[PDB]
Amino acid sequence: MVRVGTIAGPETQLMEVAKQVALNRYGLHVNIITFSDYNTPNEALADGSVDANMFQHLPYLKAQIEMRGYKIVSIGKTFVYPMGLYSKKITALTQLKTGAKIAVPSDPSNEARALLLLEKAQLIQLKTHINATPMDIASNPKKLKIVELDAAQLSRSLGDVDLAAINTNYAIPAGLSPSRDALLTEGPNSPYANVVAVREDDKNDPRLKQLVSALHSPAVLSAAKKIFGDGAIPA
């Protein structure tokens, strides 16, 4: 059968519904292999442990390919999950004090993403002209302090920071809703739609293409609504 890698949590639930559709509508057997770190499913795909994965956006894929040299490609988009800014210390962004701590993901692409969101929030300005680092902060009026944490740690940081940019797959299990709890989220038209990735040699495999189709099925869209609400947008 087809082995597909996901990150444990809400997206794995989504994949469970896709797996049912795959069997019932496509006669395809899908075995879901869960992981607990963003940095792992691409290694599992590269080494043959899984045949596809569904957990990342294109900038993340490009970044890890540059780091590791994996021969992996996207065969289609699933959903975009607009990233939110969350806090347990403020209800409005203007409440931020001088020198407040803002936590962001520490991996290159999601860190750049979070910095772009802080800029959208009018908290900072980045040097003029996807790979942004705090060194690219040109304006920081409130002298906010950027704290770089692993993505899976951000949801537990809210007792120690004033604001955090958190990926939706991690926010939800922490009881945080992008629609209900975020002070601000990205727009829907970002470069961060998630994808199904496969080995380069398998890009034309009809069974892997069928997984993409199943993930666009009415049943999967309906399940996305129940799991993510407005926090997931079909892509």
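The first residue of the sequence shown is number 1, and the count goes up from there.
- Coordinates are lacking for 1 to 3 deposited residues between residue 129 and residue 130.
- A summary of the deposited B-factors shows that, of 177-185 and 53-61, the stretch with the larger mean C-alpha value is 177-185.
- When the two stretches 23-31 and 189-197 are set side by side, the higher mean Cα temperature factor goes to 189-197.
- Looking at 153, 109, 87, 74, the one whose CA carries the top B-factor in the deposited record is 87.
- By the numbers in the PDB entry, the CA B factor is greatest at 96 among 96, 104, 83, 80.
- In the PDB entry, a CA B factor belonging to the middle third of its chain's modelled residues is recorded for residue 147.
- Per-chain ranking of the deposited C-alpha B factor places residue 1 in the highest third.
- Per the PDB record, residue ranking by Cα B-factor puts residue 13 in the lowest third of the chain.
- Among the modelled residues of its chain, residue 235 has a C-alpha B-factor that falls in the highest third according to the deposited record.
- Sort the chain's modelled residues by C-alpha temperature factor and residue 115 lands in the middle third, per the entry.
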